[PDB]
Amino acid sequence: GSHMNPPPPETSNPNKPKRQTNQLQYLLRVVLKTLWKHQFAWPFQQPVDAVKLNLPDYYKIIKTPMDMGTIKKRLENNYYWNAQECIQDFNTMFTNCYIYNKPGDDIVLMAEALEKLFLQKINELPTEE
Ligand SMILES: COCc1cc(Br)ccn1
């Protein structure tokens, strides 16, 4: 896209170790699946396009961007070594929203709804087998 947006987070790297775990399978089949189809998921299904949204300071403030499109690709392409890495990506996505936006802004209410679902699902993350 635009040269004024950064490249997205890495979703491919042969030098990085990778594994399938039952927890990562749950993150794809249960967690990502549940959040992706939520009424409020759409702003989080791709990187923030700061050019299109006229947010020229976005990537001045948000230096660790993350979105569910990136996470989806990381899960489908087995990028992760463990669940913690993926959980951290979800948390980064939520916290970016809370840092950039005003409390009670629509995008924050949307993020908070997804995070509440997220937490419910992560509380049932299975024991690693
Ligand atoms: C104006 O809101 C900035 C913003 C937009 C999106 Br899409 C996600 C997070 N933060």
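Coordinates for the structure precede this section.
Residues numbered from 1 in each chain as written, not as in the entry; some residues may be left out. Heavy atoms only, no water.

## Description of the side chain of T21
Examined against the element boundaries, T21 turns out to sit in the segment before α1 (22-36). A residue is classified by how much of its surface remains accessible, and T21, at 7% relative accessible area, is buried. Contact partners of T21, with chain neighbours within four places excluded, come to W81 and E128. (Helix = DSSP H or I, 4+ residues; strand = E, 2+ residues; numbered from the N terminus. Buried < 20%, exposed > 50% of the residue type's maximum accessible area, 1.4 Å probe, protein only. Contact = heavy atoms within 4.5 Å.)

## Points about the site of the ligand
Inspection of the region around the ligand gives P43, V48, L53, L55, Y58, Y100 and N101 as its neighbouring residues. Contact with the protein chains hides 77% of the accessible area of the ligand, taken as 320 Å² for the molecule alone. Across the shell around the ligand, the residue classes break down as 6 nonpolar, 1 polar and no charged. (Near = heavy atom within 4 Å. Areas by Shrake-Rupley, 256 points an atom, 1.4 Å probe, with all protein chains shown as cover. Nonpolar A, V, L, I, M, F, W, Y, C, P; charged D, E, K, R; others polar.)

## Some points on the nonpolar core
In this structure, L27 and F90 are the most contacted members of the largest nonpolar core, which totals 27 residues. Apart from residues lying up to four places away in sequence, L27 is in contact with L32, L75, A83, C86, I87, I122 and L125. (Core = buried A, V, L, I, M, F, W, Y, C linked by side-chain atoms within 4.5 Å.)

## Here's the deal with the pattern of salt bridges
Evaluated as defined, the whole model comprises 4 salt bridges. A salt bridge links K16 to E85; the nearest nitrogen and oxygen atoms lie 3.2 Å apart. Here the residue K16 occupies a position in the segment before α1, and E85 occupies one in helix α4 (residues 83-100), the gap between them amounting to 69 residues. A residue is classified by how much of its surface remains accessible, and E85, at 30% relative accessible area, is partly exposed. (Salt bridge = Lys/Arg side-chain N within 4 Å of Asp/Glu carboxyl O.)

## A look at α1
Along its 15 residues, α1 runs 20 Å from first to last C-alpha, staying within 8% of the 21 Å computed at 1.5 Å per residue. The largest bend along α1 reaches roughly 30° and is located at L28. Buried residues belonging to α1 abut α3 (68-76), α4 and α5 (106-122). (Expected span 1.5 Å × (residues − 1). Bend = angle between axes of the 7 residues up to and from the residue.)

## Structural notes on the packing of α1 against α4
Packing of α1 against α4 brings their axes to within 9 Å, and their N-to-C directions diverge by 25°. Taken together, the axes of α1 and α4 lie roughly parallel to each other. Contacts between α1 and α4 pair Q23, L24, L27, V31, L32 and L35 from the former with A83, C86, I87, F90 and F94 from the latter. (Axes fitted to C-alpha atoms, helices over the stretch in contact; angles between N-to-C directions. Parallel < 35°, antiparallel > 145°, perpendicular 65-115°, else oblique.)

## Observations concerning unusual backbone geometry
Here the phi dihedral of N54 falls at roughly 55°; this positive angle occurs in a residue that is not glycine. Locating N54 in the fold gives a position in the loop between α1 and α2 (58-61). Within the chain, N78 stands out as a residue other than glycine whose phi angle is a positive 45°. Following the sequence through the fold, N78 ends up in the loop between α3 and α4. Looking at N78, the relative accessible area reads 33%, which means it is partly exposed.

Spatial relationships are all this shows, so hold off on functional conclusions.
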